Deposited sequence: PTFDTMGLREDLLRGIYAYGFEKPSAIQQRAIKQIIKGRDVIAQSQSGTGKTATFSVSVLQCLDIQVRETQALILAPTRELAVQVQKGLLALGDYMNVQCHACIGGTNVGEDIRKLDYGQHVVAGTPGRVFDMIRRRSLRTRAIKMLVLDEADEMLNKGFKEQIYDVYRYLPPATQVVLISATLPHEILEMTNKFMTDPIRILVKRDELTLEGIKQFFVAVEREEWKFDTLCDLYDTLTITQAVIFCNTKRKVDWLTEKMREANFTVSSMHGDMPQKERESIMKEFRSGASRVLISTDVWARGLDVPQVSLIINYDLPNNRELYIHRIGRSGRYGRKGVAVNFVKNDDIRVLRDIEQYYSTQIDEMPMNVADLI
C-alpha cells in the first residue's frame, strides 16, 4: 500500500501521484514488484482504480528513454481500449519525456507508420494493427524487453490467438510476457504455457495445491548412500528439483552431483532473500538443470516437470509444499521418492496423510 517503498523513478512517481493514483492494493503492488523484477506475470484482474495503470506503471519503470526505439509492446482487444492505454501511459509518463503511440490505423496508418518510424518507447494497438506495422516493417522489434496482453480474455479466447501469436514470432527470445485479464479460463491457461515460463500467477480467487495431476513414485534405495547412485541412474534429462530436509545433505549431494557432469543449483532457507532469488533467476534461466535445496521457501515453487525427494520430510504437510500443482492454474508432473528401508513407514504415513497411492518406480518416462 505505497509506491515510495517500491523504489520507482521519481519522474514516474510524480506522474503516479499527479495522475491521482491512490497508493496501490496489496495485489497490484505484488504484480508491479514482479513485472519490474522481470518475470512473466499472469495477473487476474478486477474493476478497481489501477486496472490498467497498474501495468502501465510497470512498463514505464522498466523503460529507458535514451534508447529511442520500441521497448514495450502492449496489445489490447480494440483500437478504443488501446487509445485509453495510450493516454494512460502518456499521463503517467508526462514527467518522463515518454514516447508511445496507439497504432489506430485508423486512417491515417500513414501517421502511424510515420509515428513509429519516428521513435516510440511503448506501442499499443490491436494484435493485427501491430502485426500490420511489423509486416509493413514500420515497427522495429529488435529491442523489446516486454509484451503485454491486456484483456486476454477478450482477445485470446475470441479470435486473436493467431493474430497475437503472429506478433509473438517476430520478437527477441525470451522476451518477457505479462498477461493481464479479468477472467482466466482453462482455455487461456494453456495458451500461457506456450509463451510464458515459470510464470507468476496473481489471481483474485484463492487456489489450493492438489496432488491430483502428479504421478508419484518411490525408489526403494534403500541405504543412504545408494541414493545418489540411483539418482545418477535416474537422470538419463531436462529440468528438475531435488529436495533434502537438511542443508548438510544439500551441499553434499551438490558437490557429488557436480563431480558428475550435472549443472547444479543449491539453496538453503539459511540464505538471504536476494540470494535464493539470485539462484532461482539462474535455475529458471535454464542455466541450471538441477535445483537442489532445503524446503525453507517450499511453503519454491518453480513450475517443474519432475521433482525428487532425496529425503522424505518428517512433517507430512511439507510433502505437498515440495510437490503439488497447482491447483487449477498449473501443471502435472512426476514426483519420485527415495526411500530408506528405514523411511518406508514415513512413506506409508505420507501416503495415508494425503490419501494417495505412491507406486514403485517402473522404469519409464511419461
When the deposited sequence is counted from residue 1, which ranges lack any model? 237-239, 303-304, 372-374
